[PDB]
Each structure stands twice: as structure tokens, then as C-alpha cells.
Amino acid sequence: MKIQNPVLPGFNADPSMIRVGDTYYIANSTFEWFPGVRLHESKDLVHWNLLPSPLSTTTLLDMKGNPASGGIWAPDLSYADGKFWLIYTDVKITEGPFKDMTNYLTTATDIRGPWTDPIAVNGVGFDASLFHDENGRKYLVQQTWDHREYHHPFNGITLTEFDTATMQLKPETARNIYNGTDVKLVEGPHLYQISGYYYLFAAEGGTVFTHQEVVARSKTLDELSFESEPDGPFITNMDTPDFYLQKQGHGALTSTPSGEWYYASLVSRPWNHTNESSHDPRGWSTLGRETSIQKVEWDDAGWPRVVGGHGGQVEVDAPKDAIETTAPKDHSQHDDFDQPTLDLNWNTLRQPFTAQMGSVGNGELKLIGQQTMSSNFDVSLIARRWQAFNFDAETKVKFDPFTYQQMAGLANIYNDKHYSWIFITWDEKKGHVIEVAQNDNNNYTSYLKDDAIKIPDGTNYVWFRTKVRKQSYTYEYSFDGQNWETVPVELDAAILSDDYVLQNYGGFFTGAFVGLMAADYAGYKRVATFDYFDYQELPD
Amino acid sequence: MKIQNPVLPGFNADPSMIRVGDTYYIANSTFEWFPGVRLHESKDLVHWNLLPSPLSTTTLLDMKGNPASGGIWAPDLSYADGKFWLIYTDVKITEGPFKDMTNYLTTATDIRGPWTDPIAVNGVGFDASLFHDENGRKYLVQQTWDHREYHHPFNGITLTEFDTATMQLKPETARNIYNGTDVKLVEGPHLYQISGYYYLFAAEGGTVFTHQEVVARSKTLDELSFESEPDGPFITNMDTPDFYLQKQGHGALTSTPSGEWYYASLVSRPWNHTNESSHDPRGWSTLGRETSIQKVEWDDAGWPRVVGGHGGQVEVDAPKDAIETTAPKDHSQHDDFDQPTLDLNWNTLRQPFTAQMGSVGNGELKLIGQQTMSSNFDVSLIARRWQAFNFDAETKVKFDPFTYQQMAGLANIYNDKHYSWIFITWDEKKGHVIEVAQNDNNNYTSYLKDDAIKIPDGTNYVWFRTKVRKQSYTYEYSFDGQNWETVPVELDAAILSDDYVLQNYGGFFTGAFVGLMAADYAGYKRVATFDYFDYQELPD
Amino acid sequence: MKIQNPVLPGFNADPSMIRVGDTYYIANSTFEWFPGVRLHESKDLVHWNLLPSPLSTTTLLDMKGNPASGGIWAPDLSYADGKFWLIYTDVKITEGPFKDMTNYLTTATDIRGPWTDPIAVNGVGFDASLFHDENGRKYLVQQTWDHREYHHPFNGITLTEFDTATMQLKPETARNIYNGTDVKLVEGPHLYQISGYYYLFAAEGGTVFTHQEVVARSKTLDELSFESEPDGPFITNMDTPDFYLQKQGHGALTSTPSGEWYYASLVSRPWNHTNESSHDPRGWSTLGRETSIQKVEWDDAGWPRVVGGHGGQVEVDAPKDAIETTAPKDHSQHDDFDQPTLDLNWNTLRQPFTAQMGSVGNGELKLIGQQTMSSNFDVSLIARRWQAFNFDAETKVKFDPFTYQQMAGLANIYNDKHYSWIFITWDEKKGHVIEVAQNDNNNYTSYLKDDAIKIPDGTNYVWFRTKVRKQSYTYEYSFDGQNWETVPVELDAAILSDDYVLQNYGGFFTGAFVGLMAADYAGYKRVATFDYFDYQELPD
């Protein structure tokens with residue numbers, strides 16, 4: 001009976017939410033993480049189950065070499081004409097005057113797939129959304145990039161009509177339907193036909209603490225015909241600096257079977273170090289942009305308003321007609337690698353898990369060492385989101401390196417310039433050793449150096465653990481699985497947060513992950529064998 | 001009779017030079033420019049002709065998404081066992097603690113191809129070189145990357161033996177043969193068997209003004225057996241700060257049929273702005289790393305020495321047995337696009353010229369607008385090196401944009417963050433206009449803005465010209481090909497120089513190019529038609 | 001018999017060297033260190049004694065608030081008309097388009113003083129030098145600052161004539177006598193009348209590794225009449241990157257009684273960390289700019305040349321008529337504070353040692369805690385130069401702090417943003433403790449924090465020691481003077497080097513010092529008592 005926000009914890013950004021009959025679906029952005037577009041299902045809005053990602057082949061999504069926080073930006077899921085339509089955007093540039101992107105369309109009769117070979121739709125801007133008019137016409141509504149430095153870069157909301165026989169746009173039909181408000185950065189447009197009006201929802205202010213969603217309406221789809229909601233915005237936490245939820249905005253409106261109204265929003269829970277002002281910095285989002293759900297009611301003038309005020313609520317009444325959905329009690333994961341395919345919570349960087357990266361099955365994960373976590377190409381790594389502030393993760397691994405260019409173990413990663421791990425490697429004095437390293441915006445630290453821990457001569461497998469405790473984390477190791485030693489360094493979790501990455505890079509749209517990887521930049525394909533992976537969430 | 005250095009002007013870096021009978025060949029690094037590996041041929045060392053590049057397919061070279069100054073680093077061309085062997089390196093990371101690279105091998109019975117499908121050899125380090133021992137054994141000798149921040153990053157010269165039946169390395173044979181001198185950054189290793197000794201040539205000091213080449217020798221290929229040449233180095237311009245040639249070092253030794261000896265080196269001719277100290281900065285290399293050739297003699301103790309002293313000479317005596325080679329008088333280019341394939345002097349960024357980029361033939365180049373010059377993906381651009389300090393380039397282009405996201409014209413480019421051009425685009429008030437823009441490390445300037453030049457309603461084609469004058473350059477346009485207007489903006493050529501890019505980016509290994517491109521980041525594939533391209537070199 | 005360079009080790013920059021009869025004098029720049037202008041005397045050029053500094057009162061020198069590496073730049077000492085003339089410069093701005101300076105004149109009949117109340121001469125530029133023409137006319141010759149960013153900042157060598165009755169300049173006589181060479185940054189001018197010519201010595205290239213001295217001559221003092229020495233420069237180590245001496249240039253020529261010729265130059269001995277290329281960075285000068293002396297001979301065309309070539313020599317033949325001079329064997333210092341005035345080797349920051357800073361005598365130094373080493377105002381600190389690569393320094397101090405804002409101990413300091421120390425302070429949990437801190441360009445580290453060492457309840461005095469070992473240094477403490485504990489942190493000496501400070505600040509002209517200080521930024525004037533100071537130089 002009670003939605004507890006965030007409902008989708010950890011990296012679950014840019015929710016597109018729809019209802020088909022009694023079933024709700026949310027699609028989230030995935031950026032450089034493969035497979036592309038995360039899908040979840042529910043019948044109550046409270047409990048959610050992970051579905052297979054649509055963009056699961058290189059025919060659907062080719063992101064080798066993509067910059068971090070390029071790839072899949074906000075997706076748009078829709079249902080019309082007896083099928084699912086997915087608009088998705090592959091962004092190739094994350095900084096500077098340009099943001100070159102391609103918007104694609106795929107479809108499916110079943111939410112689990114298979115998905116049709118993608119059609120390229122256009123560029124123009126990101127946050128592309130398929131509007132299905134009740135009269136059978138279809139349109140793309142999107143953000144509009146402007147590279148001209150003497151203008152504002154978000155040049156209104158473009159609406160362009162499809163030829164529905166080919167699903168190619170007719171570019172001559174393009175127009176700006178809405179310029180937004182003085183907060184600018186107008187994006188994330190969605191159109192809805194409600195009570196004889198077209199309602200436009202749009203995100204503004206950028207996806208940090210000044211984020212908001214605004215609402216406009218028009219009787220038509222004419223150029224600059226949309227009028228802004230009075231007493232706006234619809235949702236923001238800009239002016240609620242102490243609230244548990246922050247950065248709400250970009251999202252999607254859905255009805256229930258009974259005619260209630262809900263809004264899924266991206267959201268963050270940024271925390272502070274003990275010595276910081278709570279209001280500067282407002283905090284660090286290690287769990288990145290998650291998804292919340294807010295209830296909506298309509299005021300007497302026909303404008304939608306968030307229940308509990310424009311900041312939303314932590315706890316929200318579930319739909320009256322909610323059908324109870326069974327879901328795991330938390331996001332803990334206990335993987336024996338018993339199955340021939342990866343658990344759905346695992347993701348790879350940019351590319352599918354192929355035989356080149358390794359194999360899973362019969363109780364073992366094998367990763368073939370290729371490029372380091374610093375590469376945008378051919379990284380043999382699997383990882384899953386941080387979905388709690390406190391957790392323990394553990395593995396048991398065997399690796400036989402003969403050079404220092406071979407490394408394998410347990411990692412925490414944000415991107416190619418923000419990661420850490422504890423790993424087995426080789427050194428000239430001791431042979432097989434354990435080291436811990438952190439890459440902090442290419443300031444790279446090896447903690448143990450010459451004092452790397454010697455792996456005793458009888459030792460086959462090494463056990464590794466990371467203990468994440470909100471603001472900080474540690475690595476531990478064991479030669480028997482029972483007696484553990486802590487490596488005496490406390491790592492700052494803020495290094496793996498959106499708010500930290502934003503300081504020196506314009507792509508900061510994911511969240512921290514934990515996982516397993518092997519590297520061999522000697523190019524000799526050294527194999528690491530992992531017997532299990534455990535991720536155990538702890539109370540907050 | 002007289003070699004005039006640089007013999008290969010403009011971007012012609014990292015020369016690997018061999019002799020087969022009476023013919024000399026030089027292979028140069030190409031980085032992100034496609035096709036990969038530049039080849040030149042001569043029988044006199046004075047005059048050189050361009051041959052087809054070996055790495056001309058995505059089976060041989062796949063660099064989509066590569067960072068600028070990644071891709072093809074120093075290549076190694078060798079002839080043994082009646083065929084050509086090419087070792088080449090695709091570098092995927094240009095900054096930070098790692099430099100993930102793969103070394104590949106292809107072979108050919110004819111220097112013009114075809115080349116065999118590549119074998120992956122290893123990583124370990126760049127500057128990989130195939131040593132063919134007279135006894136039939138074969139080895140890879142290379143630089144050795146060390147990511148450990150508490151060590152020096154260039155960890156000696158690794159030698160590893162091949163299994164010659166499969167041409168796969170036997171990693172257990174790896175050893176460090178040479179640690180270099182205190183100047184460090186030891187790389188560019190080549191081994192030669194001469195007069196009963198193995199001679200090792202290696203580059204040191206990095207490829208900027210502290211570059212040098214050193215020589216070592218051993219009776220064996222044993223671990224750390226190589227002894228440094230006394231009274232070194234072999235070549236450097238570090239300590240000749242006023243000399244016309246700079247940055248000499250990384251290169252290759254060849255004999256002539258009569259037993260003379262020559263050394264090809266990379267080289268630069270960096271210039272100064274008027275107000276700068278000649279010694280700080282030492283200058284700006286718009287023509288990048290070019291190739292020089294120096295004569296070598298052997299001293300009484302059996303050590304090789306450059307004729308004219310360790311700084312080399314501008315003019316060098318050609319081989320006594322030189323066979324005259326005819327070559328074009330300069331590198332001017334007059335292209336009517338009359339042929340169905342591109343002139344060899346044209347390159348693309350990262351990827352082959354496919355139908356997706358456009359077409360050439362019957363007097364026209366068609367470029368299909370795709371991503372901007374800011375992208376590492378799908379850029380419809382062809383360009384050729386700056387090969388003189390002073391030149392005029394000109395084209396005639398037709399383009400019908402309906403949005404400001406469509407741009408086409410005449411460009412000067414170093415990389416995705418360092419380029420300029422004059423182009424046709426569209427604006428809201430005037431329609432078809434001419435603009436000039438410069439991207440200076442993502443500081444992007446539109447020069448004309450609202451004062452972009454209106455293209456008159458009669459106008460089919462627009463003519464564009466760039467005049468490069470060493471330190472600075474301008475753009476001009478014409479609506480009839482006879483009456484020209486100069487855009488009143490003088491651009492700094494130093495923005496397209498290795499030495500400028502080095503200030504904020506660790507990949508700075510190419511050189512300035514001039515060419516033609518079309519962009520359509522609206523994604524509507526707008527086509528630009530170019531009737532010709534002219535590149536006219538002028539005296540220094 | 002043998003000058004061993006550097007003859008004046010540690011910070012002894014910008015030597016002005018003259019001879020009066022059989023006695024040589026060198027004056028050196030002192031920047032923010034008080035008293036101003038360092039003076040040394042010798043009769044052999046091999047052994048040197050420190051004399052009292054001229055600028056010993058606030059009437060002569062007022063530097064409170066001066067930026068680090070402002071204050072006293074290159075001085076000029078001359079002897080004519082039976083007295084010493086000192087031109088000195090107080091620089092108030094060290095970065096940006098301006099470098100506002102005032103040049104002053106003081107005189108003395110005795111080198112040890114007293115010195116006359118200073119006359120303000122002009123601004124115009126630094127490196128002002130008094131030229132006494134044989135014909136009785138007198139001139140100021142100087143560098144010429146140009147703030148205009150579209151010009152080169154060093155606008156030739158200005159010569160302006162004095163009215164010798166008032167020793168005020170006649171501005172109308174100003175002209176540029178010499179523009180220098182393409183190396184630019186022309187400064188440090190000195191004029192000499194020799195063999196019917198005016199010879200001009202000038203420094204160029206800036207005071208780092210591209211430093212050089214050039215020589216020009218003219219029959220007149222006419223505008224742009226000076227012609228450059230062929231086959232220059234006169235002195236440089238730019239092109240001797242492995243030589244023990246570096247950065248030679250700015251200096252002064254003197255004759256001996258017998259007609260021999262010597263040149264005193266500033267010089268450095270920059271060292272490398274073990275992992276660095278010897279040529280980039282060329283190294284770290286913890287001992288700053290020291291003084292060397294080179295021998296000069298005249299070629300057949302009447303041009304001066306350094307004996308041993310333009311790089312100079314480490315060891316140089318002393319004058320034939322040299323009179324062996326008694327001097328301390330090294331710069332060790334054993335100070336019991338038995339005297340009522342400070343040993344001459346001690347300096348203060350910016351201001352005289354007044355009763356406000358404390359007192360000395362009867363076996364004790366008392367420092368009254370005022371502002372921290374981070375301040376340009378009222379710092380109770382005395383310090384002496386690092387003058388060897390390896391040394392031990394030690395003190396015994398009593399201090400009774402009641403707040404953490406009170407700190408006193410043994411410091412190593414370069415400037416307000418580059419220092420370290422071990423000190424007594426107070427903390428909330430333990431009371432009197434020992435801490436170590438480093439300020440590294442305002443990245444401030446407290447090493448022990450909560451684990452600061454508790455000072456036992458009976459302890460009156462604490463003993464402190466620093467052991468400097470070229471590239472690195474440590475701190476030790478003792479509660480009895482016999483049993484020592486090392487604080488387990490190795491500090492990088494490069495943080496207190498010119499070459500490090502230059503990376504982020506345009507004033508980098510001094511050198512590392514070691515000394516004693518007390519701070520009380522609670523403003524309660526807490527007094528630290530030091531019983532002795534020992535500085536013991538060790539072999540290289």
C-alpha cells in the first residue's frame with residue numbers, strides 16, 4: 001500500500017513510465033553500460049522486477065569507444081497499435097560545443113523481445129520521445145541542441161511529424177512548440193492528450209540540484225502555442241535543500257486503470273562528509289540518479305500538481321486498484337555462476353559479454369584479461385550497481401600472472417578515470433601479490449607498492465571483499481575464506497559519485513558499480529577464475 | 001646528389017626505413033588518420049614517391065571511436081624470407097596511468113599489397129619491431145609500459161622470441177635487454193646484426209625537444225647485456241636550440257648497396273610568434289613530425305656517428321650508387337574528382353571512405369553530412385597534410401541547408417578539439433549564409449554570428465579559399481570564383497600544432513591538415529557537392 | 001689555487017661583483033628576506049666572508065606585506081669617487097601585466113656602513129645598474145618593462161643619464177642602447193669601458209634553464225649602437241643539459257690587479273628524483289640560485305670568452321696575484337644565542353628583528369608568537385639558507401600553548417605557500433603535543449592529527465631535529481636530548497625548490513631556508529624559548 005522513494009535504488013535514471021492494462025513498465029537510461037536500456041515491471045508501483053534489457057546486441061547498440069556518459073541517454077517507451085516502441089539515443093560527444101547523437105527506433109510485440117533491427121530516426125537533440133496522437137498521426141518531440149556559443153544551447157522543444165508508413169520524419173514539419181522558462185536547459189519533453197488539451201511535460205535547469213519539471217498546454221501542436229502552468233514548477237528540489245530527495249525533474253506521467261495519476265522522476269540522495277556544509281556542496285551521489293514515483297492530482301484550472309507539494313514525498317499512496325507484485329526483498333545478489341548466462345543484474349562496459357571476454361557456467365566465471373578499466377575498448381569486466389549505501393561484496397578468485405601487466409580482482413567503478421580495486425598481480429621481488437589501486441581523475445595511486453602482500457606458495461584461490469559504508473569503503477583479503485585482513489586504507493566513496501565527476505568532466509550521468517575484472521595489457525590473455533560473487537546489502 | 005631535410009615534409013613521423021636491393025622504403029605513423037601506415041619509395045634517398053597505404057580495410061584497422069593521437073603509432077617495416085612484414089600498433093588510451101595497445105602483424109609479397117589478415121601479437125608496449133636474426137629465429141623488440149606511478153613508466157627494452165611457425169610470441173623468453181641512460185623514456189628499439197655484434201638503436205627523452213637516439217651493442221641477446229655507445233648520444237637537437245632541425249631521434253638505420261650508411265629520423269621545424277623568446281617556447285610545429293635522413297659513419301671502435309655531428313645536417317650527400325628517382329616538384333595537389341577513387345594524398349578520420357560518407361567520380365566529390373569534426377565517429381571529411389609553411393587551398397561547393405545543424409566547407413584540422421573552417425550553413429533570419437568558426441581546445445568561436453554573409457538568391461556554388469602564411473591564416477569566399485572577399489579574421493596557426501595540443505592533452509603526434517567536410521547533426525544526411533580541390537604550395 | 005663552483009652555495013643570486021684595490025666584493029639579491037642585499041668579501045675569489053647587509057633598517061627597506069619573491073631583486077654595487085654606491089630595487093608585483101618596482105640609491109664610504117638614507121631614482125625596469133663613465137658622467141642602465149601584451153615584455157636596455165650634482169635622472173636622455181638577440185628577455189645590463197669600447201653585458205632567456213649572458217659593444221652610448229658578440233652567447237648551460245652547473249647567465253665582470261678577468265654568475269645545481277628523465281624536468285633547485293665564478297679571456301677580435309667554453313667550469317684557476325683569504329671551512333652554524341644580536345647568517349621575513357618579534361642573548365632566543373608562516377606580515381621567525389645538500393639541524397625549545405592556534409618549532413621554508421615544520425602545539429584531548437605539518441601550495445597536511453605525540457607532564461624543553469638528505473627530509477624529536485624518535489614521514493625537498501614554485505607562481509627567486517619560529521594567531525603573544533640552534537653540513 002506504500003511506495004517508498006526511491007522505488008528503483010541506485011543508477012536508474014531518466015524514467016520513461018507507461019501502463020498497458022494493469023501492468024506498469026519503466027525504462028531507464030544506461031549510458032555506456034551494456035546491455036542498453038533497463039526495464040522494470042510492476043502492477044502496484046511499490047514492488048518492481050527487472051526485465052531483460054532490449055538493446056542486447058551490437059546490431060541494436062554499438063558503443064565500443066564511446067566516452068563515459070555517452071551512449072544511451074533518456075529512453076522513451078510507448079505502447080500503441082498493439083506493440084511496444086522504444087526510442088533510444090546513442091550520444092557520441094559529452095563535452096564542448098557539440099553533442100552528436102543519433103535517435104533510433106526499435107519495436108516489439110512482447111516487452112521481453114525480440115526487438116526489431118533499429119531504424120535511424122534523426123539527430124537534432126536528445127530526449128527524443130514518440131508521441132502517438134489519437135488521430136493516428138505520430139510525431140517525435142525532443143530537446144534541440146544549438147552549438148552556437150552566442151545563443152542558449154537548448155533551443156526549445158522541437159516537434160516533427162512522422163510518415164507512419166516508413167517511420168521516417170518529414171523534416172519540413174519541424175517546429176519549436178515551447179521555449180520553456182527563464183531556468184532554461186529545456187529538455188525531456190513528453191506530450192499527452194488529456195481533457196481536450198495537449199499537455200507538454202519538460203525538464204529544465206540541468207540534471208543537478210537546479211533540476212525541475214515544468215508543464216505547458218495547448219489546444220494544438222502549433223509553433224510556440226504551449227502556455228506554461230501558473231505557480232510552477234511542477235516538481236523541483238532546488239528550493240528544498242534539506243529534503244531526503246533531490247534533483248527531481250525529468251520523468252513521465254501515467255494514469256492508473258481507475259483514473260488516478262502518478263509521475264516517475266529521476267531522483268538522488270546526495271550525502272555529505274562530516275566536515276562539509278550541508279548546503280555547499282549539497283552532496284555526493286554515489287547511487288547516482290535513481291527513480292522515484294510521486295502522486296499527481298489536477299487543480300480546478302486543469303493543471304497537474306504533485307501531491308505533498310512541488311518537492312514531492314518520500315512515501316506515497318499506492319494506486320487504489322494496485323495488484324500486489326512479488327519482488328525480491330532487496331537487491332542483494334548471491335551468484336554461484338551455476339548458469340550458462342549472466343544474471344540480469346550484471347552489465348559490461350560498452351560491448352556484449354562475448355567469448356573474447358570470457359565465459360560463465362558450471363560454477364565459475366572466467367574472465368580473459370584484455371584492456372584495463374581505463375580503456376573504452378575491450379574490457380573484460382562485469383559489474384552491478386551499488387543499490388544500498390552500506391553493503392559487503394565478496395568473491396573468490398584464482399589468477400596466475402607472470403607479469404605486472406596482468407591484474408585481476410574485485411572492483412568499484414564509476415568510469416575510466418574513477419575506479420578502485422583489490423587485485424592479484426605479479427611483482428619482480430615476490431611473484432604473486434595483492435595490491436590495491438585507485439584511479440582518481442587520472443591521479444593514480446598504488447597503495448601497497450613494494451609492500452604488496454605476498455600470496456603464499458600453496459595458495460590457489462584468494463578471497464576478496466569490499467565493505468562500503470556510505471561515505472567510505474575498504475578492501476579485505478583472505479587465503480582461506482575465514483581469516484580476513486584489512487588493507488589499511490580508507491577510500492573516499494565521493495570519488496565514485498556524479499557530483500565529483502561533474503567537477504572535471506561534462507558526462508556524469510551513471511552511478512557507482514561493484515564487480516569483477518581481469519586485465520592483461522601484455523596481451524597474453526591471462527585467465528582469472530571466480531568461483532562466486534556475493535553482494536549483501538545492509539541497513540541504512 | 002643532395003638530400004634536403006626534411007625529405008618527407010609535413011606529418012611523416014616515426015620513420016621505419018629499409019632497403020630491398022636498390023630500393024628504399026619508409027613507413028610512417030598515421031595515428032587516427034585512415035588509411036593506416038604511410039609508405040614512400042625511392043632509389044636515391046633524395047626524391048620520394050607515395051605508395052598505397054597497407055592498412056586500408058577495417059579488417060586491417062578499426063579505429064572508430066579512437067582518441068585523437070591514438071591509433072597507429074610507430075610502425076615497423078621489414079623484409080625477410082622473400083616478403084614484407086609490417087608490425088603496427090593500435091593505441092586506445094593516450095592519457096593517464098595506462099596506454100592499452102595491441103601490436104599486430106601483416107605481411108605481403110608486394111609492397112603495394114595485398115596484405116594478409118592481421119595476427120594479434122601482444123601488448124606490453126608500443127614501438128614494437130620485428131627482428132629477423134640471420135640464424136632464422138625471430139623476435140619482437142619493444143618499449144615496455146609500466147603503469148606503476150612509483151616507477152619510471154618506460155621499463156627498459158623487452159625482447160621476446162617468436163614461434164616462427166605460428167608467429168605467436170613465447171612469453172617465457174621475454175627479457176629486458178637494455179635500460180637506457182638517465183634521459184629515460186627508452187623506446188623505438190631496433191636491432192641490427194653488424195660485424196659480429198647486435199646493435200640496438202633506441203629513442204629516449206620523449207618525442208619533444210629533449211628527444212634523442214642512443215646506440216648500444218652486445219655479442220648476445222642476453223638480459224641487460226647491451227652496452228651504451230661512449231660519447232653519446234647518436235642524434236639529438238636538444239642541445240642545438242637554434243638549429244633548423246629539431247626533435248630528431250626515433251628512426252631507423254639502413255645500408256646502401258655499396259656499404260654506405262644512412263639514418264632516417266623524425267624531425268620538426270618549430271617556428272615562433274614574433275614576440276616569443278626563441279628558446280622558450282622553442283616553438284610550434286604545425287607541420288608536425290616530418291622525416292629527415294642523415295648520413296652515418298663508423299668510428300675506429302665500431303660505433304656509428306652522424307656525419308656533421310650529433311645534431312645532423314640540413315643537406316646530406318646522397319648515396320654514391322644512388323639511382324635517380326623522379327618525383328613531383330612539390331606536394332601541390334590539383335584534384336578535379338575525375339577518378340572513381342580518392343587521390344592517395346587524401347585521408348579520412350578513423351574509418352574508410354564508404355558510401356555512407358559519400359562518393360567521388362565524374363568531376364564531383366559528394367560528402368553526406370554526418371557527425372561534426374568534434375566526433376570520433378562517422379565524420380564525412382577528407383583532408384590532406386599541410387606540407388609547406390605557405391600555401392593556398394581552394395574549393396567550389398554546393399550545399400542546401402535548411403537548419404543551422406547542417407554545415408559544409410573548407411577546413412583546417414589538427415584534432416576534434418583543434419580545428420577551424422569556413423562553411424555554408426543556415427540561419428533563422430537570412431537563410432543560406434557563410435560562417436567561420438574555430439574550435440580552440442573546446443573554446444568555440446563563431447566569428448560572424450548574426451553578421452554571417454548572406455548567400456544571394458541566385459547562387460548555386462560558393463567558392464572558398466584558405467591562405468596559410470606560417471604563423472597565421474585566413475579564409476576567403478566568392479560567389480563567382482573571380483571576385484573574392486576576405487573574412488576579416490586572422491587565425492593563429494599555432495592552435496593546429498603539436499606543441500600547443502601538448503599543453504592540455506597527452507596525444508600530440510600528428511600535424512595540421514586541410515580539407516573538405518560536411519556535417520548534419522540533425523541527422524538528415526544533407527549532401528555537399530565539391531567540384532574540385534586545389535592545394536598550391538608557395539615558397540618559404 | 002682553485003675556485004670550486006658554486007663558490008657561494010645556497011641562495012646567493014644575481015651577483016654584482018667589483019674589485020677595490022686587492023679586495024673583491026659580491027652583492028646578491030635577497031627578495032623578501034631581511035636584511036636586504038647580501039655582501040661577501042674575498043682577496044682570492046676562492047674563500048669568501050659574509051659582511052653586514054646594507055639594507056638593515058626600515059628607512060632603507062620597507063617590505064612588510066611584500067609578495068614572496070618581490071622585494072630586493074638584482075642589486076648593483078659600484079665603487080667610484082671614493083665611495084660605494086648601491087642601486088637596489090624593491091619589487092611590489094610578481095605576476096601579471098605589471099611589475100611595479102622602485103630603484104633606490106644608497107652610498108657608504110665604508111663597505112660595512114653606515115649607508116645613507118636612500119634616494120628614489122626611478123622605476124622603468126629592474127636590474128638597474130650605475131655606470132660611472134671615465135669622463136665624469138653617470139648613467140643608469142636597466143631592463144625596460146613593457147606591460148603592453150601585444151609587445152615583448154622586455155623592451156630593450158634603457159640608458160638614462162644622471163644629473164651628477166643631485167643624482168636625479170634626466171628622463172629626456174633615456175634611450176634604448178640594445179635590443180638583445182632572438183632569445184629576448186634582455187635584462188641584467190652592465191656597461192664597462194675597456195680598450196676604447198663600451199662593452200655591454202646583458203642576461204637573456206629568463207633565469208631558468210634557457211638563461212644566458214650576451215655581450216655587445218659600441219664606441220658610443222648612442223641609441224641602438226651596440227653590436228652583438230659573434231659566436232655567442234658568452235655564457236649558458238642551456239645546451240649543456242648534463243653539466244653539474246646550470247642556469248648560468250646574469251652576473252658581472254671584474255678585472256684582477258694583474259690584468260686577469262673573471263665573471264661571477266648566478267648558477268644552480270638542480271637534482272632529479274630517481275624516476276625522472278634527467279632532461280625533463282631538468283631538475284629541482286632546493287639551494288636555489290647560487291654564485292659561480294668563471295675565468296675570462298679575450299679573443300683576437302677583442303671579444304670576451306669564458307675559459308672552458310660557454311658552459312664554464314666546475315673548477316677554475318684563482319687569480320695569479322690571489323691573496324689567500326681566511327674563511328670558515330663550511331657554512332655550518334653552532335649558535336648558543338650567547339650574543340645580544342643575531343648571528344649574521346640569520347634572516348627575518350620582510351621586517352627587522354624587533355622587540356615585537358622577540359629577543360636574543362644570555363643563551364636564549366625568545367620568539368613572541370605572532371602571525372603564521374602563511375602571512376606577509378609580522379612573522380616571528382628567524383631562518384638561514386640551506387647551503388649543503390645534506391645536513392642536520394637541531395634546536396631545544398620550550399613553549400606553553402593553551403590553544404591549537406599557538407605553534408612553535410623547527411621549520412623548513414621557501415615561502416608562505418611552501419613550508420613544513422615540527423612543532424609544539426595544544427590539542428583538546430591531550431594538551432601539549434608535537435605535530436608535523438606541510439603547506440604545499442596551500443594544500444595543507446597535518447601528518448599526525450589526533451595521533452599527535454603527547455608531551456609528558458614533566459617536560460619543560462622539547463628537542464627537535466631535521467635531517468635533510470638532498471631529495472628528501474625527515475623530522476625527529478626527543479624529550480631528553482639523547483633518545484630520538486623519527487616522525488614516520490618522508491618529506492619531498494622538491495616542494496621547497498625554485499623549479500617547483502615556478503609551476504604555479506611567477507616569483508621563484510630565493511631558495512630553501514631552515515629556522516625557528518613561533519606563531520600565536522589567537523593573538524595572545526605566547527613566547528617560545530630556544531636554547532640553541534645547530535646546523536651541521538655533511539658531505540655530498
# chains A, B, ... in the order shown; residues from 1 in each chain; ligands from 1

$ residues_around --residues "residue 30 (chain B)" --least-positions-apart "6" --cutoff "7 Å" --atoms "only C-alpha atoms" --output "PyMOL selection string"
chain B and resi 36-38+72-73

$ write_last_selection --atoms "C-alpha atoms" --output "mmCIF file, in the first residue's frame"
data_model
loop_
_atom_site.group_PDB
_atom_site.id
_atom_site.type_symbol
_atom_site.label_atom_id
_atom_site.label_comp_id
_atom_site.auth_asym_id
_atom_site.auth_seq_id
_atom_site.Cartn_x
_atom_site.Cartn_y
_atom_site.Cartn_z
ATOM 1 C CA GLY B 36 46.842 3.428 -41.823
ATOM 2 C CA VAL B 37 50.642 3.486 -42.245
ATOM 3 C CA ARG B 38 52.116 5.815 -44.859
ATOM 4 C CA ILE B 72 48.716 3.793 -35.448
ATOM 5 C CA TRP B 73 51.854 4.695 -33.532
#

$ residues_around --residues "region 208-224 of chain C" --least-positions-apart "6" --cutoff "7 Å" --atoms "only C-alpha atoms" --output "PDB file with C-alpha atoms, in the first residue's frame"
ATOM      1  CA  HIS B 279      64.283  29.325 -26.580  1.00  0.00           C
TER       2      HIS B 279
ATOM      3  CA  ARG C 175      67.211  55.688 -24.954  1.00  0.00           C
ATOM      4  CA  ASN C 176      67.343  52.037 -25.906  1.00  0.00           C
ATOM      5  CA  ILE C 177      71.033  51.105 -26.428  1.00  0.00           C
ATOM      6  CA  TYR C 178      70.467  47.408 -27.205  1.00  0.00           C
ATOM      7  CA  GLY C 196      88.352  52.159 -26.219  1.00  0.00           C
ATOM      8  CA  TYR C 197      84.939  50.447 -26.373  1.00  0.00           C
ATOM      9  CA  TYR C 198      81.844  50.362 -24.243  1.00  0.00           C
ATOM     10  CA  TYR C 199      81.069  46.720 -23.540  1.00  0.00           C
ATOM     11  CA  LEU C 200      77.537  45.751 -22.565  1.00  0.00           C
ATOM     12  CA  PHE C 201      76.907  42.505 -20.722  1.00  0.00           C
ATOM     13  CA  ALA C 202      73.215  41.503 -20.562  1.00  0.00           C
ATOM     14  CA  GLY C 232      77.667  33.810 -28.825  1.00  0.00           C
ATOM     15  CA  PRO C 233      76.422  33.570 -26.244  1.00  0.00           C
ATOM     16  CA  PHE C 234      79.064  34.469 -23.644  1.00  0.00           C
ATOM     17  CA  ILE C 235      77.744  32.013 -21.031  1.00  0.00           C
ATOM     18  CA  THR C 236      74.882  29.475 -20.965  1.00  0.00           C
ATOM     19  CA  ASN C 237      74.120  25.967 -19.726  1.00  0.00           C
ATOM     20  CA  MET C 238      71.001  25.704 -21.937  1.00  0.00           C
ATOM     21  CA  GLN C 246      73.056  25.097 -14.734  1.00  0.00           C
ATOM     22  CA  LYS C 247      71.283  28.417 -15.330  1.00  0.00           C
ATOM     23  CA  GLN C 248      74.458  30.489 -15.636  1.00  0.00           C
ATOM     24  CA  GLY C 249      73.954  33.951 -17.086  1.00  0.00           C
ATOM     25  CA  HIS C 250      73.135  37.099 -15.108  1.00  0.00           C
TER      26      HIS C 250
END

$ interface_residues --of "chain B" --to "chain C" --cutoff "12 Å" --atoms "only C-alpha atoms" --output "ChimeraX atom specification"
/B:146,148-155,180-186,204-212,232-233,236-243,272-283,311

$ closest_residue --among "A:165, A:393, A:101, A:191" --to "residue 139 (chain A)" --atoms "only C-alpha atoms"
A:191

$ atom_distance --atom1 "CA of residue 471 (chain A)" --atom2 "CA of residue 445 (chain C)"
20.9 Å
